[PDB]
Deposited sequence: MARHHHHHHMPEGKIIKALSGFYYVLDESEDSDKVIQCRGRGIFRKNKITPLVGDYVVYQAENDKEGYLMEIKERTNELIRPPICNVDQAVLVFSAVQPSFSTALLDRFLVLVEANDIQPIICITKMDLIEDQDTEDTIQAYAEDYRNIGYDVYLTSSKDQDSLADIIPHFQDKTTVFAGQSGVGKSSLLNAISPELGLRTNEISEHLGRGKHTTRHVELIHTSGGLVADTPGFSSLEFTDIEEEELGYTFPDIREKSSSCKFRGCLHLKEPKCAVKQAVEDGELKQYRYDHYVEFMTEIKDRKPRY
């Protein structure tokens, strides 16, 4: 028979943090159990605030609140919402209503990439396209981003609500939704179907944040030499640039610029790179 279950140091993930308690999901036993914990019974001197998404060691006894013992090193941390250890971001945009913008997509991609997160791309409202030229343009963009190496899912509004092709990605990951406010929120609600503080919702074998990420798109923490790494296409071509640390702006014998000339890198990707570079540089005085 089962006895003394509570005399070990189990591990779990913080899925909710509210009013002085931390709710820890523990999948490591036949049970799916959520344990209400205080952060205080050990974990100091160590003033670090626990965050939703933290991987923790905790202790808990029968019919008593638990206590966080140790917070594991964080792989990443978002500021708004305050969450950490995020594996993936589903970036949701509309094909029409409003018209799809590679500029907007590329900005979100940079932010996700710069936070050590894997982007997944979702273009919805495909059902609202009547013009064949509009359909062809969106299919071409989708193939472009697939060729860069992203997963790209084209969905109808009242259909994508099912999230059929996205759901498989949730398993054993922590995921956030971001992108356009309208479609991003509606897709997210669809995902987690059966200010407030963010929670992770346990669904389809993984965790999904109940608040959109990346609500502000400033590049404040990104430096000029770091930007190219967030464009996998530019990043890979940068190996062939003559000068080391080439920023792919006015340098001669730049492989990135040559690739754009040849059609090996999309013109719009490079155009956005240069635009974002300018924005980064404009933070500071120039000499």
**Prompt:** Can you list the gaps, in order, where the deposited sequence has no modelled residues?
**Reply:** 1, 196 to 214
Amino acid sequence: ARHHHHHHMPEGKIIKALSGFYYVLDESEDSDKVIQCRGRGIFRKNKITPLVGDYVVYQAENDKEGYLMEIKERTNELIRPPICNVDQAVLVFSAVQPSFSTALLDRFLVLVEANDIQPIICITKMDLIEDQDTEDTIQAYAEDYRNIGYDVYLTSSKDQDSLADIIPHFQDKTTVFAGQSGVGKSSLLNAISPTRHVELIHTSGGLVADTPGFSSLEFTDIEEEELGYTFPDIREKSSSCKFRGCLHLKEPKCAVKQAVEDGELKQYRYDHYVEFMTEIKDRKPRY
From here on, numbers count along this sequence of modelled residues.
**Stretch with the higher entry mean CA B-factor, where the candidates are 242 to 250 and 23 to 31** = 23 to 31
**Request:** Could you check which stretch, 103 to 111 or 183 to 191, carries the larger mean CA temperature factor in the entry?
**Result:** 183 to 191
**Asked** Taking the values straight from the PDB record, which of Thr124, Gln97, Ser204, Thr174 has the highest C-alpha temperature factor?
**Response** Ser204
**Message:** Comparing recorded Cα B-factors across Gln139, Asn147, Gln88, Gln132, which one is largest?
**Reply:** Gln132
**Request:** Select lowest, middle or highest to describe the third in which the CA B-factor of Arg286 falls within its chain in this entry.
**Result:** highest
**Fill in**
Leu51: CA B-factor among chain residues, third -> lowest
**Asked** Thinking about Cα B factors across the chain, which third does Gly66 belong to?
**Response** lowest
**Fill in**
Entry-reported C-alpha B-factor of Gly41 relative to its chain, by third, is highest
**Prompt:** Mind checking which third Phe231 falls in for C-alpha B-factor across the chain?
**Reply:** lowest
